[PDB]
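One chain comes next, on its own, written as structure tokens: the form deposited in one PDB entry.
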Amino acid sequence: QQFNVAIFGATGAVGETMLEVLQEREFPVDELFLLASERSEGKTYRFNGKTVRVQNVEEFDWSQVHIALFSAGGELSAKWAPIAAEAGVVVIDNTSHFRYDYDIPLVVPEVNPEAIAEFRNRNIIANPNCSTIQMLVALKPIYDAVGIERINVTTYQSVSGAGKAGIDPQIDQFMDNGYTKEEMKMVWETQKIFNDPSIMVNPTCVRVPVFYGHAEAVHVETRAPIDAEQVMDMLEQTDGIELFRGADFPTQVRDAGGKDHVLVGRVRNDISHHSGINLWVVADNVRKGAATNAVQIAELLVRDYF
């Protein structure tokens, strides 16, 4: 069984990464379509040994495809995802646009793959922010074991918007709580994915002068005590996570290792407070994390619903 797939925003960095991930993950693609604006039309890419030509989204017949991956910015998704959906395409959307819609599932496949069933509400599934993906993958085993009462998290990214490959702010006027509109969005994404309005989330989204890749410092207040050693064991077993325990010798120092893996380290309890757990979570290639999450959604969608 093979499926027709579109990538919208195919000439952008995430869109290009999506093609690479579909190939690397050996997704059962029959025909691949690459969509962009008129200015990008005619550009060529190689996928599974075949040539694919970018075409204008304005001329595209959506009846050709089963699933579309969108990564061309929120306003274009706002316009085009309803149109693809109406044609019977299931859109996996890598923008902020549909993440907060009550009727649209927001999915991290290691955490809430059950939510994918709700694709039939609107023919759209929302891909979360890489920051939220990273954190939720790392926290889920802890949540499952002992519960989570409160998360305090600091995220770090470049001031310039570059560094997303790693290989070369407005106060929220409604909440009036001192958190920025980005920070509140993380709260809402986190609570949605956990499907748990009782989890308190307190983010600080920090811009750093110069930074390649993305990092988060995470403190969690658990509902039952848990030893750092236990959570390190859990994370080591968990899929998609690479745990770094630290090196005593040069030969024990490791590189990033994975293509799109959640890199975890500095795992430790609050001193004399074992219902407090601390960890840092890193993504070297931010785009590959986002793209991979989107493809994992498509894999499960195809498996259980097609």
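Residues carry their position along the shown sequence, with the first being 1. Take the two forms, superpose them, and find the largest set of C-alpha atoms that agree within 1.5 Å; that set is the rigid core.
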{"query": "Between neighbours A87 and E86, residues that the deposited sequence lists but the model omits", "finding": "none"}
{"query": "Mean C-alpha temperature factor, higher of 107 to 115 and 172 to 180", "finding": "172 to 180"}
{"query": "Greater mean Cα temperature factor according to the PDB record, 227 to 235 or 184 to 192", "finding": "227 to 235"}
{"query": "Third of the chain, ranked by Cα B-factor, where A162 sits", "finding": "highest"}
{"query": "Ranked against its chain, the third holding the CA B-factor of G276", "finding": "middle"}
{"query": "Entry-reported Cα temperature factor of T17, expressed as the chain third it lands in", "finding": "middle"}
{"query": "Cα B factor band for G258 (lowest, middle or highest third within the chain)", "finding": "highest"}
{"query": "CA B-factor ranking of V208, expressed as a third of its chain", "finding": "highest"}
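Although not depicted, the form deposited in another entry is the subject of the following passage.
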| property | result |
| --- | --- |
| Out of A117, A87, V208, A145, the residue that alone shifts its CA by 2 Å or more between the shown form and the other one when the rigid core is the reference | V208 |
| C-alpha of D248 moved at least 2 Å between the shown form and the other one on rigid core | yes |
| Rigid core superposition, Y102 Cα moves 2 angstroms or more between the shown form and the other one | no |
| Core-aligned C-alpha movement of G265 between the shown form and the other one, 2 Å or more | no |
| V14 and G163, C-alpha gap in the other entry relative to this structure (3 Å or more) | closer |
| Note on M234-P250 C-alpha separation in the other entry, which departs from the shown form by 3 angstroms or more | closer |
